[PDB]
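A.B. asks: Build the 3D model from these lines:
(3 chains, ligands or ions: 2)
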Amino acid sequence: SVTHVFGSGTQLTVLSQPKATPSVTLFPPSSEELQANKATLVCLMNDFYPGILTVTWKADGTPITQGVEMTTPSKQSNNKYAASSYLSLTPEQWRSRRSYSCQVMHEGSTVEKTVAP
Amino acid sequence: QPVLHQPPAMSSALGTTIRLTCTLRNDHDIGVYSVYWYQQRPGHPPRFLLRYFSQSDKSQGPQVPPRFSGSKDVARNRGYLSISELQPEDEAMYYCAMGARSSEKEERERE
Amino acid sequence: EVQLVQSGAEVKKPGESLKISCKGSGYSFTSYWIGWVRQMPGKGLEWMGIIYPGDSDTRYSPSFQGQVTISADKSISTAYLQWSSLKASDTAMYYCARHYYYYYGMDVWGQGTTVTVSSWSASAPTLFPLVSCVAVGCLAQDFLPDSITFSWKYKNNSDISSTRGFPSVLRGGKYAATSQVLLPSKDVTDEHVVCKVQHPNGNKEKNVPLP
Ligand SMILES: [Zn+2]
Ligand SMILES: [Zn+2]
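C.D. replies: Numbering: from 1, shown residues only, chains lettered A, B, ... in the order given. Ligands and ions are numbered 1, 2, ... in the order given. Take a look:
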């Protein structure tokens, strides 16, 4: 009720560079890890602008809202934003289905990377 | 609907002027509150930008440039942060707050 | 001139007790209220409590009363926040700030004191390659605190500048991050490409198999 309350805040972005679409990548679980009964999907999204984007993972089309951790778009030296997204699963779930996507959305555009065992 | 509303995100070109919006829920009247603004760049601590009650009742933070100015839309229960000459260092999270200076009572703990 | 300086960073296990400090200089300490604001990772500001160093009138926010204890030593111009039993969820940054004439605006802000509370213990990171078969990466997992730094190397002893680092993630009490090299397709010349990291609790190399 006011008095001692901070708003949620507005993230103000200053547009100082031409719009750019991200160069997205997807990496399946590694060895040393897979045979350690643990799966982890890595999705790196760097060299974009503005540094605003959203990731929607989707296995066999169907979304995934479980164990979806994502970093915040950090600014690189060259002045383009980068990002990272990890997906946790079991090596039983990894080979079970077939499809795994890193649907990235930036300023309308929808880039998508898919990998399978 | 919270007591204070800010749109989560905004963009604009360098050299330009944007207006940030802090809307006080209608259960209160902004005519009596003061609007405060804080800036916070990624990885840094917040810093007090300015306080605005009216043209005749305001204060600028430690060493905050005049290109940051406050205004109030009483009729719309709105506090504003205007930033002209938008620069790359204006890129941050902006938080608002609101202080009445006439908050009291609480003698319901001592009869 | 006018400043508030806060104690160093903190790493603790749940159930431990903690006391951080906020010393002021350049002004009449006993004349201004000093508050504490919490900021959890990736979140906004939270008013925790306030104290008046003149007499130590202390007040707390509804969702912080009985969780923390604010205090002040006039003589050494120092304010304090303190936990009895730390909890995983207490992991956040903590700010103290001075109130101004507009007694409800914090015009001077300490630089912050981050506190990390993990059930796990501080450890050296673990490494692993990132291939599919296009680029290739190498990640780091299970380590504390967040104070790592990546480095790559070819099969032969040579540096790489075709590399960048991505922020770290807190999961299950430990941190993680990656780093990826991009290279010319025209090769298969080679098998692997060393992946080295640095950490306060141990620094190990590794190798990285390229398609
Ligand atoms: Zn009114
Ligand atoms: Zn008193």
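A.B. asks: which residues touch residue B:69?
C.D. replies: Residue B:69 makes contacts with B:50, B:52, B:81, B:82, B:84, as judged by Cβ atoms under 8 Å, 6 or more residues apart in numbering or on different chains. (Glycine included, C-beta is placed from N, CA and C.)
A.B. asks: With residue B:22 instead?
C.D. replies: A:7, B:4, B:5, B:6, B:35, B:37, B:78, B:79, B:80, B:81, B:96, B:98.
A.B. asks: what's the closest of these to ligand 2?
C.D. replies: residue B:98 (24.1 Å; Cβ to the ion).
A.B. asks: tally of neighbours for the closest one?
C.D. replies: The tally of other residues near residue B:98 (other Cβ atoms under 10 Å in any protein chain shown) stands at 24.
A.B. asks: same deal with the one 3 residues further on?
C.D. replies: The burial metric for residue B:101, expressed as a neighbour count using other Cβ under 10 Å, is 12.
A.B. asks: quick one: the strands in chain A?
C.D. replies: All strands of chain A, identified by DSSP state E, fall at A:10-15, A:23-27, A:39-48, A:54-59, A:62-63, A:68-70, A:74-75, A:81-89, A:101-106, A:109-111.
A.B. asks: got the CA positions of the second one in CSV?
C.D. replies: Put plainly, it is strand A:23-27. What follows is strand A:23-27 as a C-alpha-only set of coordinates in CSV (Å, rounded to 0.1, in the frame of the first residue of the first chain):
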residue,chain,number,x,y,z
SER,A,23,22.8,-17.4,-34.4
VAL,A,24,21.2,-20.2,-32.4
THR,A,25,22.9,-23.6,-31.6
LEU,A,26,21.7,-26.8,-29.8
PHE,A,27,24.0,-29.4,-28.1
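A.B. asks: Now do it and strand A:101-106, the angle between them.
C.D. replies: Interaxial angle, strand A:23-27 versus strand A:101-106 (axes from the mean of the first three to the mean of the last three Cα atoms, to 10 degrees): 160 degrees.
A.B. asks: Flag every residue of chain A that's near chain B.
C.D. replies: Within chain A, the positions lying close to chain B (Cβ under 8 Å from any Cβ of the partner chain) are A:1-16, A:50, A:52, A:72, A:74-75.
A.B. asks: Which among those residues count as buried?
C.D. replies: A:2, A:4-15, A:50, A:74 (16 or more other Cβ atoms under 10 Å in any protein chain shown).
A.B. asks: and the residue of chain B nearest chain C?
C.D. replies: residue B:99 (3.3 Å; Cβ to the nearest Cβ).
A.B. asks: how's chain C carved up into domains?
C.D. replies: C:1-119, C:120-209 (curated CATH domains).
A.B. asks: closest point of chain A to ligand 1, which residue?
C.D. replies: For chain A, Cβ to the ion, closest residue to ligand 1: residue A:2, 14.2 Å.
A.B. asks: any idea how far that residue is from residue B:73?
C.D. replies: Look at residue A:2 and residue B:73: by Cβ to Cβ, to the nearest Å, they are 17 Å apart.
A.B. asks: next one: residue C:87
C.D. replies: 42 Å.
A.B. asks: Please apply the same query to residue A:100.
C.D. replies: Per Cβ to Cβ, residue A:100 is found 49 Å from residue B:73.
A.B. asks: ok so, going back, could you redo the strands of chain A as a markdown table and give each row distance to residue B:43?
C.D. replies: Shown next, in a markdown table, are the strands of chain A (distance: least, Cβ to Cβ, whole Å):
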| stretch | distance to residue B:43 |
| --- | --- |
| strand A:10-15 | 14 |
| strand A:23-27 | 25 |
| strand A:39-48 | 19 |
| strand A:54-59 | 22 |
| strand A:62-63 | 32 |
| strand A:68-70 | 18 |
| strand A:74-75 | 10 |
| strand A:81-89 | 15 |
| strand A:101-106 | 23 |
| strand A:109-111 | 28 |
